[PDB]
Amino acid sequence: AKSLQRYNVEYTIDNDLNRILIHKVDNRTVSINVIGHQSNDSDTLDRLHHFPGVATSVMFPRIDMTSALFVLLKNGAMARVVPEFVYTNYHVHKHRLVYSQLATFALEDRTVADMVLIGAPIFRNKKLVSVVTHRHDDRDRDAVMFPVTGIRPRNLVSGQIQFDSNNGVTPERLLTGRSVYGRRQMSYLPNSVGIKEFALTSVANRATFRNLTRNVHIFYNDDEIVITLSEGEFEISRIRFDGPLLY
């Protein structure tokens, strides 16, 4: 297999897995690995930059929500896209959650969207800035949405959380009439003790939960994301910011 080239990127197309593999950037060998929401926990990813959905030996710089980018298509042409939307994505590697709001572009033409392969280079002023990781067919917008992973854009939030649990992180939809405390979402009144008594009881009993297994939960709806870190049932921390969550 001989490598194709575009701008500062040498790559190949893998038709079995329907992916693009980047072999060189700026004239040297790189490792750019698209991760699902959960990595394989390989030690060799430890020494790479992590942004949601990717572990990369190459820095992905900050983009804004107004400048045009060019994403490489399966046929060698490129699509001009403006990442003016905001979606949140995440992955877990070795008991560390990496999450961020990310600038996100949309493709209304699903013929073009199907030509965008996992791992496809995303260019800004003829230099690689990111690669295609995840996609989400948005019902309400009737468009396929593509986050552009990399360094946190201005006006958005990113973070990381170390936890203990081996089941990883699985986001859960926040049901109507429920509020979150720690690991749990509950209605205000009992039935289940109810969120107000639970939160008060968990805080009062802080010392019994000290040093127990740390769990991270991600509660989402269309409008809001809540991320909590808990030990036992005690909520060590919470973060709240705008959805949508790419999931």
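Position 1 is the first residue in the sequence shown; the rest follow in order.
Participant: Deposited residues absent from the coordinates between residue 211 and residue 212, none, 1 to 3, 4 to 9, or 10 or more?
Facilitator: Per the record, no deposited residues are absent between residue 211 and residue 212.
Participant: So which stretch wins on mean C-alpha B-factor, 40-48 or 214-222?
Facilitator: Mean CA B-factor is higher for 40-48.
Participant: Tell me which of 106-114 and 147-155 has the higher mean C-alpha B-factor in the deposited entry.
Facilitator: Mean CA B-factor is higher for 106-114.
Participant: Quiz for you: based on the deposited Cα B-factor, which of 161, 169, 86, 71 is highest?
Facilitator: Of the candidates given, the C-alpha B-factor peaks at 169.
Participant: Per the PDB entry, which option out of 30, 203, 180, 65 has the greatest Cα B factor?
Facilitator: The C-alpha B-factor peaks, among 30, 203, 180, 65, at 65.
Participant: Going by the entry, which third of its chain does the Cα temperature factor of residue 55 land in?
Facilitator: Ranked within chain, residue 55 CA B lands in the lowest tercile.
Participant: Using the B-factor values recorded in the entry, state whether the Cα atom of residue 235 falls in the lowest, middle or highest third among the modelled residues of its chain.
Facilitator: Its C-alpha B-factor, which the entry lists for residue 235, ranks in the lowest third among residues of this chain.
Participant: Taking the C-alpha B-factors as the PDB entry records them, is residue 78 in the lowest, middle or highest third of its chain?
Facilitator: Answer is middle: the recorded C-alpha B-factor places it there.
Participant: Lowest, middle or highest third: where is residue 13 by C-alpha B factor in its chain?
Facilitator: For residue 13, the deposited C-alpha B-factor lands in the highest third.
Participant: Test of reading the entry: by CA B factor among the chain's modelled residues, which third contains residue 174?
Facilitator: Answer is middle: the recorded C-alpha B-factor places it there.
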